[PDB]
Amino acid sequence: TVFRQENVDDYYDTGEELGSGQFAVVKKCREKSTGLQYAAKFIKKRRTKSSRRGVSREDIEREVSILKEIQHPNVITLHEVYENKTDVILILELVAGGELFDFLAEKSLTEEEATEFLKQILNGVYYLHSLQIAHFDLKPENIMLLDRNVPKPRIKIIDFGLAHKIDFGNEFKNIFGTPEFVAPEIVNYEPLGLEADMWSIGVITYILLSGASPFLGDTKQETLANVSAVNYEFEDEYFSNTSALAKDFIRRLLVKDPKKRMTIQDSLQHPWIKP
C-alpha cells in the first residue's frame, strides 16, 4: 500500500519535538490549510531487505492498517500518511498533556485517581480487544493525557508500532517490548494473544498504586527472569493502605498461565472496577 508522496512540508509546519525513539521521532505540527494541530511521527524506513536499521515496510503497513481501523476516545486516531524515500510520516492526533509516566513522577496515586485513569485504559483496551487488536506495548510511556492540568484528565493510548490483529486467537511472532511490562509468554517466545495486554495492565496498575515496578531487576535479563517466574510481591511499605480488592485485581492479572488471566471483560466486571 502506497502513501501520499507530496512533500509533507508543503502541507504542514512542524514545531516542538514531542519525543524520539529508536526508529521514529514525533514532532508537533500544524496543517496549513486548516490551522489544525497534529503530531507527525516520522518512521525511518529500512533501506535494504536484509538490514536491521529502520522499520520494515511490512511492519509500517501493519501499524497504519491498525490505526486506520480505530476510532475511540481513549485511542489515538490517524489523520493522514505521507512517505518519501527515507521515512513514512504518520499525521496523528495531537496528545499534548504528557505521559502518564511523567505525570506519575510528579506525584503514587490514590485508588480513586488510579481507577479513574485505569478505567479509561480499560475502556480503550476493551475497544481494541473487541476488534481482536492486541496492542503488545502497553506501558506508562504509551499512555498520554489530553490535558494534564485538570483534576481528572482524559487519556489516550498511543504507539501502535507492535500492535497485531489476532484473528486466530494467537500470533506466533517475537515482540520486543520493554522487559518491565511484557508478559511471560513474550519473555518465553510463546504464541501471543490478547492476554498479554492484560498482564501489562496489571503491571501498570501496580505502578499506579505504589510508584514501584513489580518485576524490575538491575539488568534487563533479571527483569525478564522475574517476569517469567512471576517473581513479584506487594511491599507493605508501598501497599499498606491499599485496599485488598485493588491487590486482588492485580493478582488476577499477573498470572503466568494466559488462560487463567483475567480478560478485558473480566477486568471491567471485577468488584474493584465495576460501578
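Just count from 1 along the sequence shown to find any residue number. If you superpose the two forms and keep the largest set of C-alpha atoms that fall within 1.5 Å, you have the rigid core.
Stretch farther from the shown model on average in 8 other deposited structures of this protein, with CA RMS computed after core superposition (169 to 177, 72 to 80): When 169 to 177 and 72 to 80 are compared in 8 other deposited structures of this protein, the bigger C-alpha shift is seen for 169 to 177.
Rigid core superposition result in 8 other deposited structures of this protein, more deviant of 250 to 258, 7 to 15 by Cα: Higher average C-alpha offset in 8 other deposited structures of this protein goes to 7 to 15.
Deposited but uncoordinated residues in the residue 107/residue 108 interval: Per the deposited record, the segment joining residue 107 and residue 108 lacks coordinates for 1 to 3 residues.
87 to 95 versus 195 to 203: which one carries the higher mean Cα B factor per the record? If you average the C-alpha B-factors of 195 to 203 and of 87 to 95, the larger mean comes out for 87 to 95.
Which has the higher mean CA temperature factor in the PDB entry, 221 to 229 or 26 to 34? According to the PDB entry, the answer is 26 to 34.
Choose from 41, 47, 247, 62 the residue with the greatest Cα B-factor as stated in the PDB record. Answer, based on the entry's C-alpha B-factors: 47.
Would you mind finding, among 137, 185, 167, 80, the residue with the largest C-alpha temperature factor in the entry? Answer, based on the entry's C-alpha B-factors: 167.
By its CA B factor, does residue 153 count among the lowest, middle or highest third of the modelled residues in the chain? Residue 153: CA B-factor falls in the highest third of its chain.
B-factor third for the C-alpha atom of residue 266 within its chain: Lowest third - that is where residue 266 ends up once the chain's C-alpha B-factors are sorted.
Of the three thirds of its chain by CA temperature factor, lowest, middle or highest, which one includes residue 214? For residue 214, the deposited C-alpha B-factor lands in the lowest third.
Should residue 175 be placed in the lowest, middle or highest third of its chain by the C-alpha B factor in the entry? Answer is highest: the recorded C-alpha B-factor places it there.
For residue 115, the third of its chain into which the C-alpha B factor falls: Highest third of the chain for residue 115's C-alpha B-factor.
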